[PDB]
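Below sits a lone chain in structure tokens, taken as the form solved without the partner chain.
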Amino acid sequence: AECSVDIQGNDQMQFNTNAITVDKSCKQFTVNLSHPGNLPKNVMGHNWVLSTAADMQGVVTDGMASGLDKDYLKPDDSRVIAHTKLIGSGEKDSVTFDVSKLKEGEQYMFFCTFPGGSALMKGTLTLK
């Protein structure tokens, strides 16, 4: 509440929300990601990744293609605004980023890059 948000990914490849609002009074924003499932990183990993809506597909494609040993992200990917590490059951990670990286009126998406086979894990992120 206010300048943070706690998000979960499960064994059903779902995030517990598909929408994040960042208040513009915030100097920083923090995402606390957790995994209440039972399965490990290699089979059911989740990360939290931020990019503009235009860049999401590119990030996911090159990320899925980068493999487990890179946490499913293209190394040196400038399109990534912020991200957590890849987590499995019972693990957690948090990322804090400067609200200055976002611009009001601009369209952003948060998403996971783990190749699950099910429908892409994503949601909207808005600066207001």
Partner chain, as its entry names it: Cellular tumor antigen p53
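Positions refer to the first chain, counted from 1.
Missing here is the form solved in complex with the partner chain; even so, the following discussion is about that form.
Q: Given that the partner chain is not shown alongside this chain, does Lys70 nevertheless sit within 4.5 Å of it in the deposited complex, heavy atom to heavy atom?
A: Answer yes; at least one heavy atom of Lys70 falls within 4.5 Å of the partner chain in the deposited complex.
Q: Taking heavy atoms only, is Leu102 within 4.5 angstroms of the partner chain in the deposited complex?
A: The answer is no: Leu102 has no heavy atom within 4.5 Å of the partner chain.
Q: So, in the deposited complex, is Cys26 in contact with the partner chain at a 4.5 angstroms heavy atom limit?
A: Although the partner chain is absent here, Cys26 would stay clear of it in the deposited complex, with no heavy atoms inside 4.5 Å.
Q: Within a 4.5 Å heavy atom cut-off, is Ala82 in contact with the partner chain in the deposited complex?
A: Outside the cut-off, so no.
Q: Judged by heavy atom distances of 4.5 Å or less, which residues of 69-96 approach the partner chain in the deposited complex?
A: In sequence order, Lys70, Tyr72, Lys74, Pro75, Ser78 come within 4.5 Å of the partner.
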